[PDB]
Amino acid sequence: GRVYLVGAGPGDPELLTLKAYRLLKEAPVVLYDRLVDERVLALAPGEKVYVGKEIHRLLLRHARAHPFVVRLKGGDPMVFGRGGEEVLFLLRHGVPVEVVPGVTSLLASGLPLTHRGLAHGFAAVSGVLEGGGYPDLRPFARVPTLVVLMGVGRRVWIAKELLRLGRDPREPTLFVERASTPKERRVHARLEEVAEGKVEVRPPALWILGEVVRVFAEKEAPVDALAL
């Protein structure tokens, strides 16, 4: 049958799209990935099978057993999750696929990635490639606002490299662990501090570099005007 590649959002169940919610309530089977919040899953009454971490072959065998199935992925399925590969593989083996976009975690910090006088665009890059290798940061090194995903374990190397490539060592950066969940933890640090191995952060985390990080901070004191 049919396969819906659905974005679950960053975690907060209210950030699911209406289409995703309806599909989850209605789906006979939901094949979910890693980083899918238990809150989102508890909304699904059908059979819940974990697929991820050879994933292709499993998707195929459930898609055949039903009229349609939902393949659930964190955030938006088409960025940094190999969603592209799953789509190809499923089409190549005669299975229709309909992508349902979602709120990507790149947009879960609430910060304006673009802002007048600070950044007129942004870039997003992975700290880990398919196969486990290191990313080539040159093409991204100087974009006003840089967002790094899957970059916690390698934060020191990534920072040293960005510093090599020319970013301001004093640049403010923000790490946001489990954005949109009750375990959300923001860690502020300057690039240089990250390169010196001084910042404690655990995955999964959103890593944002650039002056925008600082937009909503009070003037008279280090206070998050928007958090309060």
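Sequential numbering from 1, following the sequence displayed.
I'd like the number of residues from the deposited sequence that lie between residue 53 and residue 54 yet are not in the model, binned as none, 1 to 3, 4 to 9, or 10 or more.
Unresolved stretch here: 4 to 9 residues.
Please compare 110-118 with 86-94 and say which has the higher mean C-alpha temperature factor in the record.
Comparing 110-118 with 86-94, the higher average CA B-factor belongs to 86-94.
Between 176-184 and 62-70, which has the larger average Cα B-factor in the PDB entry?
Going by the record's values, the stretch with the higher mean is 62-70.
Out of 200, 33, 193, 161, which residue has the highest Cα temperature factor in the PDB record?
Highest CA B-factor of the listed options: 33.
Within this chain's modelled residues, let me know which third the CA B factor of residue 209 belongs to: lowest, middle or highest.
It belongs to the lowest third of the chain when residues are ordered by C-alpha B-factor.
Ranked against its chain, the third holding the CA B-factor of residue 217
CA B-factor rank for residue 217: highest third.
Thinking about Cα B factors across the chain, which third does residue 75 belong to?
As the PDB entry reports it, the C-alpha B-factor of residue 75 lands in the lowest third of its chain.
Sort the modelled residues of this chain by their C-alpha B factor and say whether residue 102 lands in the lowest, middle or highest third.
For residue 102, whose C-alpha B-factor we compare with every modelled residue in the chain, the answer is the lowest third.
Grab the CA temperature factor for residue 131 from the record and place it in the lowest, middle or highest third of its chain.
CA B-factor rank for residue 131: highest third.
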